[PDB]
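Undergrad: This structure is in structure tokens; I'll ask about it shortly.
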Amino acid sequence: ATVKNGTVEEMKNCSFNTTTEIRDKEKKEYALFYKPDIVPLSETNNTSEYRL
Amino acid sequence: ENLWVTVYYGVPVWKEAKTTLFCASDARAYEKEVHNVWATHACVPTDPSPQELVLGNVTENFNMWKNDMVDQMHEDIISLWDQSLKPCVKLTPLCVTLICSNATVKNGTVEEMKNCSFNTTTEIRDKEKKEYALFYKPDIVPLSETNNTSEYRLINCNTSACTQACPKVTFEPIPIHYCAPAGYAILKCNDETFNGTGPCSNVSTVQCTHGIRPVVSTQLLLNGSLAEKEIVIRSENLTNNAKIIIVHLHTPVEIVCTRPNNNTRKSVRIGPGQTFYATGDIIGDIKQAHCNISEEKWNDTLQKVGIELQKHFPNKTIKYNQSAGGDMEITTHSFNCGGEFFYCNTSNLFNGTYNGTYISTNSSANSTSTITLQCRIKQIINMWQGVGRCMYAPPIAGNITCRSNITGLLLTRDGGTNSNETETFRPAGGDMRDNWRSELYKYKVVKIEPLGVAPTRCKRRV
Amino acid sequence: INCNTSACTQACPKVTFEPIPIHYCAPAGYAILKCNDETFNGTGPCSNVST
Amino acid sequence: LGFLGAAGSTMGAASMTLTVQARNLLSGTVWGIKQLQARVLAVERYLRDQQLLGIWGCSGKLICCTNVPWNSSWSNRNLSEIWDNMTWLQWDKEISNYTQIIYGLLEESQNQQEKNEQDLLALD
Amino acid sequence: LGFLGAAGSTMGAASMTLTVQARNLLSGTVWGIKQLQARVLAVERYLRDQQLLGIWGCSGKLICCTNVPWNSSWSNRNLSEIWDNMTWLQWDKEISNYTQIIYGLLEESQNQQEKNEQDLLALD
Ligand SMILES: *[C@@H]1O[C@H](CO)[C@@H](O[C@@H]2O[C@H](CO)[C@@H](O[C@@H]3O[C@H](CO[C@H]4O[C@H](CO)[C@@H](O)[C@H](O)[C@@H]4O)[C@@H](O)[C@H](O)[C@@H]3O)[C@H](O)[C@H]2NC(C)=O)[C@H](O)[C@H]1NC(C)=O
Ligand SMILES: *[C@@H]1O[C@H](CO)[C@@H](O[C@@H]2O[C@H](CO)[C@@H](O[C@@H]3O[C@H](CO)[C@@H](O)[C@H](O)[C@@H]3O)[C@H](O)[C@H]2NC(C)=O)[C@H](O)[C@H]1NC(C)=O
Ligand SMILES: *[C@@H]1O[C@H](CO)[C@@H](O[C@@H]2O[C@H](CO)[C@@H](O[C@@H]3O[C@H](CO)[C@@H](O)[C@H](O)[C@@H]3O)[C@H](O)[C@H]2NC(C)=O)[C@H](O)[C@H]1NC(C)=O
């Protein structure tokens with residue numbers, strides 16, 4: 001969601017899989033994060049994925 | 001005349017105090033393992049020494065509610081009994097998608113417990129395997145308000161994280177003294193004619209008190225001390241209905257409860273190196289749990305109590321009525337005995353009328369005249385707030401009987417005015433501060449400052 | 001072997017089991033005694049007493 | 001009479017048996033910080049009061065004299081009333097209003113009682 | 001010679017220089033409660049003996065000799081025997097049975113040595 005001709009350091013929207021109050025009723029979740037608090041998983045082509 | 005200011009030490013002078021305290025329980029706090037009995041790290045072997053002694057023309061106001069032993073007793077009960085379930089298994093695996101079925105007497109006058117199953121993670125974390133165990137009927141919430149009549153879950157794990165009460169810890173109410181530190185002294189009265197405040201007549205002093213009973217209940221009062229020969233009512237302000245009346249009798253009325261089902265244990269190994277317990281395949285025919293009370297004596301005790309509340313209510317007739325609405329935790333008589341929790345509704349003790357005419361049961365025609373109390377039973381408990389609420393008691397094996405005595409009642413008045421003759425009297429959800437103040441009110445702790453001043457005609461050399 | 005009894009734990013390499021010696025000493029008020037005679041089979045009096 | 005048995009009776013009858021009220025300030029076991037925080041009461045209560053008694057020059061836990069006179073405005077009653085008829089309770093309750101003055105005078109006046117003891121004892 | 005520098009000797013041989021014993025009754029540093037019960041142990045032990053000694057008027061650790069005659073039936077042996085023939089161990093084991101009575105006698109008979117020696121002195 002980047003504004004390539006911009007100058008602002010905006011946050012990165014991502015999604016993931018989370019437990020719930022029944023431990024085998026999983027469903028995904030979303031929430032945004034400041035970019036200096038997430039590091040990429042691999043130097044490979046599988047870049048879109050990431051992790052805290 | 002000429003005299004000089006002169007100093008005395010060891011002066012018998014005191015002030016009302018607040019302070020950190022001791023405990024003392026008799027020899028029965030020491031024989032068993034660590035972490036049971038709950039005084040075995042702490043309490044000193046008591047002695048009634050120094051002996052109880054009379055005082056002269058002493059006059060002090062024993063205010064019942066302006067005290068810190070009740071506060072202290074609550075903080076100590078809570079803070080020791082909150083950490084005292086830390087060394088145990090603490091659940092999380094069981095917060096699952098149970099699956100159920102029918103073993104249900106479709107129209108029975110019964111409040112039976114349910115059979116369901118669940119997928120168990122065995123001690124090795126990647127060999128999952130199914131298992132089953134029964135569950136008392138309130139404890140489980142359906143997974144969904146939809147047509148998911150199969151899918152069921154425990155009522156916890158959405159609110160908190162709980163604990164299976166280790167069997168090594170017994171919940172039984174062992175008698176406890178509390179005691180004050182050296183340099184502080186405790187006071188007492190012997191007279192039965194107390195009313196809550198004011199200057200007491202027969203003042204006395206003890207090093208520290210008699211054996212208190214920490215039991216936990218809401219409506220009635222079980223195992224504990226007693227008055228002697230008159231019914232006495234203690235309260236702050238009879239003007240307002242918002243506050244609790246506490247009723248002490250001269251004689252106790254005789255109560256007993258039982259669970260006739262013959263429960264058995266069904267043991268599973270869950271998680272590495274720890275074991276879950278559950279109610280097993282129930283043996284014999286299903287029967288309903290309950291309590292039993294003597295109809296003749298409870299009615300006579302009502303007849304003897306009415307004259308006390310007519311000390312201050314001669315313009316209106318006494319009548320008893322049901323617990324004033326609310327949920328499971330306030331409407332019922334909810335206490336414990338014998339390693340499991342009962343929930344029993346006492347409406348069949350609190351309706352009637354006393355209107356002056358006392359007509360005795362004697363000579364008794366039926367001494368077996370009883371009125372029964374039907375009960376549900378639980379394993380999961382939310383015992384208080386701010387105590388580490390969520391707990392699970394494993395079920396005790398076999399069948400039990402807990403014959404006990406109604407030491408006192410907690411009641412509450414219902415309104416009425418403008419040509420009303422029908423005020424009435426209902427149960428009270430006494431808090432633990434409104435449980436144990438029945439058994440701590442006698443004592444007040446004072447602080448000595450034995451340095452003093454007095455006249456004297458001394459002229460030792462300059 | 002475990003995973004049926006209770007949990008285990010790996011001592012970090014810093015916590016070495018160097019049996020590094022230990023003295024003892026009673027508190028003040030109290031004292032320590034000792035005697036040097038070398039015929040004491042568990043009971044009986046002693047002569048060359050020390051502290 | 002123990003800790004408080006001498007109370008209630010008059011100072012005529014409580015001018016003696018002073019020691020039983022001050023002889024016991026210890027008993028019991030160990031329960032961590034939560035019970036150890038009573039043990040150090042001796043610092044707050046006993047040792048402080050003993051230092052009070054010492055700087056007044058009244059070492060020895062018995063009756064002791066001073067050089068500071070009485071005042072009629074403080075109490076004003078006849079000798080027998082205070083001395084034999086009343087008890088320590090109301091005596092503490094009433095005279096506690098002026099304890100600051102008594103403490104200050106007994107504190108500062110001790111300098112006048114130890115001023116020049118080097119020369120008053122050198123030639124003896 | 002420290003804590004037990006004269007054990008086993010006669011009474012006269014160790015009735016002076018007791019300072020080397022009494023001067024040291026406190027020790028240690030930090031290991032939480034389980035050690036700190038040895039720091040406040042001084043209150044439990046030293047101050048108890050100190051107040052027992054001071055209540056009799058024997059404040060100051062001299063050879064304090066005050067009131068009560070020595071009943072002959074307690075030992076019945078001559079002055080020289082108890083003074084310089086006996087040692088402390090069996091003497092304590094023999095007389096420890098009656099000290100609780102002796103302290104009560106010493107403290108209850110103490111008030112009669114001070115009841116009137118403040119105001120009759122004023123007349124003098
Ligand atoms: C950050 O990333 C998130 C995903 O990781 C984004 O969340 C997704 O947002 C889109 C856009 O809203 C959702 O896709 C839409 O879903 C609706 C469903 O709505 C209809 O049905 C509901 C049922 O209650 C009804 O209420 C509505 O009125 C509609 O009738 C579709 O109709 C749309 O066409 C579209 O498919 C995703 O579902 C959602 N994902 C998740 C996992 O929730 C989020 O928007 C991102 N935020 C930013 C700022 O970039
Ligand atoms: C609570 O419900 C569970 C099932 O949801 C009950 O366990 C299952 O009970 C059935 C019926 O007894 C067992 O099936 C039987 O197996 C024997 C094998 O010898 C076979 O000969 C019978 O014809 C029948 O098929 C089933 O095995 C059993 N489940 C497991 C995993 O063993 C359970 O008994 C119920 N508890 C109560 C108290 O009703
Ligand atoms: C588990 O259930 C059994 C059977 O219900 C209990 O055994 C029975 O217990 C009652 C007491 O609750 C016994 O009552 C008898 O009462 C008379 C008084 O009239 C008394 O004289 C006797 O000494 C006796 O106590 C009864 O005899 C006994 N047996 C039967 C067949 O009823 C058992 O006590 C229950 N478990 C527990 C822990 O209470």
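Identifiers in the structure tokens: chain A, B, ... in order shown; residue index from 1 per chain; ligand index from 1 in order shown.
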Return as a compact mmCIF listing (two decimals) with N, CA and C atoms, in the first residue's frame the residues of protein, DNA or RNA that approach ligand 1 to within 7 Å, with only C-alpha atoms and all ligand atoms taken into account.

TA:
# COMPACT_ATOMS: atom_id res chain seq x y z
N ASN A 13 0.61 -3.27 6.80
CA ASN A 13 -0.58 -4.06 7.14
C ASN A 13 -0.32 -5.52 6.80
N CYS A 14 -0.63 -6.40 7.73
CA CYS A 14 -0.34 -7.81 7.56
C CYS A 14 -1.42 -8.62 8.26
N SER A 15 -1.38 -9.94 8.04
CA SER A 15 -2.39 -10.87 8.53
C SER A 15 -1.69 -12.14 8.99
N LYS A 28 -7.85 -16.62 11.39
CA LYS A 28 -6.85 -15.59 11.12
C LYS A 28 -7.22 -14.27 11.77
N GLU A 29 -6.32 -13.30 11.65
CA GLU A 29 -6.48 -11.99 12.29
C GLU A 29 -5.63 -10.96 11.55
N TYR A 30 -6.01 -9.69 11.67
CA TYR A 30 -5.27 -8.59 11.06
C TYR A 30 -5.07 -7.47 12.07
N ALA A 31 -3.96 -6.74 11.91
CA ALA A 31 -3.68 -5.53 12.67
C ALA A 31 -2.39 -4.94 12.13

Undergrad: Pick out the residues sitting within 8 Å of range 94-100 of chain B, and hand them over as a PDB file with C-alpha atoms, in the first residue's frame; count only C-alpha atoms, and ignore anything fewer than 6 positions along from it in its own chain.

TA:
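To be explicit, this is the file written out as around.pdb:
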ATOM      1  CA  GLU A  21     -10.583 -19.415  23.689  1.00  0.00           C
ATOM      2  CA  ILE A  22     -11.022 -22.920  22.281  1.00  0.00           C
ATOM      3  CA  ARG A  23      -7.451 -23.965  21.471  1.00  0.00           C
ATOM      4  CA  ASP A  24      -8.434 -25.896  18.314  1.00  0.00           C
TER       5      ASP A  24
ATOM      6  CA  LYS B 114     -23.315 -34.887  31.557  1.00  0.00           C
ATOM      7  CA  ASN B 115     -21.108 -37.324  29.633  1.00  0.00           C
ATOM      8  CA  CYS B 116     -18.982 -35.897  26.842  1.00  0.00           C
ATOM      9  CA  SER B 117     -15.598 -36.716  25.314  1.00  0.00           C
ATOM     10  CA  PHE B 118     -12.523 -34.855  24.121  1.00  0.00           C
ATOM     11  CA  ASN B 119      -9.305 -35.234  22.112  1.00  0.00           C
ATOM     12  CA  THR B 120      -6.428 -35.535  24.590  1.00  0.00           C
ATOM     13  CA  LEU B 143     -19.886 -23.624  22.203  1.00  0.00           C
ATOM     14  CA  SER B 150     -23.273 -31.443  20.150  1.00  0.00           C
ATOM     15  CA  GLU B 151     -20.535 -28.883  20.744  1.00  0.00           C
ATOM     16  CA  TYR B 152     -19.667 -27.964  24.341  1.00  0.00           C
ATOM     17  CA  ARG B 153     -16.866 -26.204  26.277  1.00  0.00           C
ATOM     18  CA  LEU B 154     -15.879 -25.409  29.872  1.00  0.00           C
ATOM     19  CA  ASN B 156     -13.455 -21.036  31.878  1.00  0.00           C
ATOM     20  CA  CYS B 157     -10.633 -20.182  29.426  1.00  0.00           C
TER      21      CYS B 157
END

Undergrad: At a cut-off of 6 Å around ligand 3, and using only C-alpha atoms and all ligand atoms, what residues come up? Please write them as a count of residues only.

TA: 3

Undergrad: Calculate the C-alpha RMSD, in Å to one decimal, after superposing chain D onto chain E by least squares over all C-alpha atoms paired in sequence order.

TA: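 The optimal C-alpha superposition leaves an RMSD of 1.2 Å.
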
Undergrad: Counting only C-alpha atoms, which residue out of D:63, D:13, D:47, D:33 sits closest to residue 116 in chain E?

TA: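 Among D:63, D:13, D:47, D:33, it is D:63 that comes nearest to residue 116 in chain E.
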
Undergrad: So that I can check the secondary structure, give me every residue of chain C assigned strand (DSSP E) by backbone DSSP, as JSON, numbers by chain.

TA: {"C": [34, 35, 49, 50]}

Undergrad: What does the structure give for the distance between CA of residue 317 in chain B and CA of residue 355 in chain B, in Å to one decimal?

TA: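 Rounded to one decimal, the two atoms are 5.9 Å apart.
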
Undergrad: Name all residues at most 10 Å from residue 50 in chain D (count only C-alpha atoms; drop same-chain ones fewer than 6 positions away) and give them as a list in words.

TA: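 Surrounding residues, per the criterion: residues 9 and 451 of chain B; 56, 58, 59, 60 and 61 of chain D.
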
Undergrad: Chain B residues within 8 Å of chain D, counting only C-alpha atoms: which ones, as an MDAnalysis selection string?

TA: chainID B and resid 2:13 20:22 41:44 50 53:58 181:183 185 205 449:452 455:456 458:460 462

Undergrad: I need the chain E residues near chain D as a tab-separated table (two decimals) with N, CA and C atoms, in the first residue's frame; criterion: at most 7 Å, counting only C-alpha atoms.

TA:
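Wrote iface_26.tsv, looks like this:
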chain	number	residue	atom	x	y	z
E	33	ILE	N	15.72	-13.97	54.78
E	33	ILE	CA	15.10	-14.26	56.08
E	33	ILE	C	15.86	-15.34	56.82
E	44	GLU	N	16.21	-11.35	70.59
E	44	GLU	CA	15.59	-12.50	71.22
E	44	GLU	C	16.44	-13.00	72.39
E	54	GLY	N	19.05	-5.85	84.34
E	54	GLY	CA	18.83	-4.46	84.68
E	54	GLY	C	17.63	-4.22	85.57
E	55	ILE	N	16.64	-5.13	85.53
E	55	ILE	CA	15.45	-4.95	86.36
E	55	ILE	C	15.80	-5.06	87.84
E	57	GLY	N	18.32	-3.77	89.30
E	57	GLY	CA	19.21	-2.70	89.69
E	57	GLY	C	20.68	-3.00	89.50

Undergrad: For a test of reading the model, state the distance in Å between CA of residue 2 in chain C and CA of residue 268 in chain B, rounded to one decimal.

TA: 17.1 Å

Undergrad: Output the contact residues of chain B with respect to chain C at a cut-off of 8 Å, based on only C-alpha atoms, as a list in words.

TA: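 My answer is residues 123, 124, 272, 273 and 274 of chain B.
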